C-alpha cells in the first residue's frame, strides 16, 4: 500500500505532524488551556472496560445503522472541522467524496473552505448535514439553513458550546481566530434562538455541545431531534468531563426521547463499541479526518474511515455482536 505505512489513527496523526507546518498541525491538535480534557477524552475511553460475549456466531457482521432516520454503512460519521483546505487542497470536497464512497454521513462546518453548494456537487449521493453557528447576523444564519435545505442536506447540527472561542495556547503562541469568532458568532445565544431555529426549518436539528443532563432535557422540550454529546474536542472549556464519561447520564436524562451521539477522542473501533454500549446511536470523528486529509486527501479520509470501520467490525465480532442492535449495556463497566 501507500507509503509511509499507517495502520491505526495515531499513525495518521504522527504522519500529519511530520508534514504539516507547525502552526497548522498545532491548530488541529490543540485543546483549550492546559489540555486537561483533551487528555481525558482519550484516557476516559481506556477506563471503560469491555466484557465480551463468546460463542455468539459472528461470521456475518452488519455495521449498518441509521442517523436521524437516514441509513448509514456504520455508526461512524465525519464531524465538522473548520478549514479543511489547510490539510489538503481538496479539503471538504475530498471529505464528502470519501463519505460518499463509504456510505456514511459528513457534517459540514459553517467555517468550511468550500461552499454548501460545492460540497453537495462533489458528493451528491453522500449523506450530508450542516453544522450551523448562530451568527450575530441572523440573515446569513438563515441563508445557510436555506442553502442546506435546497442542496439536499438532511440535518442541522447547531453548535451550542461556542458563544466565544476557547483559548488554545499554541494558536496564541503561533499568532494564528478567537477575535474573528467574537466578531462573527453571537454569544447572546439562548433557548429562544433554538426556538427560532426550530421554527425556521423542518430539517432534523441536533444540539451539538451538550454536556449536562438538564440541558439535554431542555433540548428535548424544544423539539430538537438529537443531542450530540461533545466538549468540542476539548477545545472550548477545559476541565469539562470526557464525553464518554457524561454520555450515560445524558442518555438516561433523555429517556429515549431523542437520538444521542458522541464525539471527542474516538480513535479506535473499541471507542465506537464503548459509546454504543453506553447508548450513543453513532459517533463523530473530528481530528482523524484532518490527519487523513493531510496524508492523501480523499484517499486519506477514506483510509481513516475504513480503519475505523474494520477496527469496529473486529471489536464487534470479538465481543459477540453481529450487528449494532445486539450491542447492550452489559458490554461495558468502568474501572
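Numbering follows the first chain given and starts at 1. Throughout, rigid core stands for the largest set of C-alpha atoms superposing within 1.5 Å between the two forms.
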Higher Cα RMS in 9 other deposited structures of this protein relative to the shown form (core alignment), 178-186 or 127-135, goes to 178-186
Between residues given as residue 176 and residue 177, how many of the deposited sequence are not built: none, 1 to 3, 4 to 9, or 10 or more? 10 or more
Between 112-120 and 152-160, the record assigns the higher mean Cα B factor to 112-120
Going by the entry, of stretches 55-63 and 266-274 the one with greater average Cα B-factor is 55-63
Which of 69, 286, 31, 279 ranks first by CA B-factor in the deposited coordinates: 69
Identity of residue with top Cα B-factor, from 184, 94, 205, 246: 184
Within this chain's modelled residues, let me know which third the CA B factor of residue 12 belongs to: lowest, middle or highest. highest
Name the third of the chain's ranked CA B-factors that contains residue 100, choosing lowest, middle or highest. highest
Select lowest, middle or highest to describe the third in which the CA B-factor of residue 255 falls within its chain in this entry. middle
Binned into thirds over the chain's modelled residues, the C-alpha B-factor of residue 22 lands in the highest
Could you place residue 84 in the lowest, middle or highest third of its chain by Cα temperature factor, using the values in the record? highest
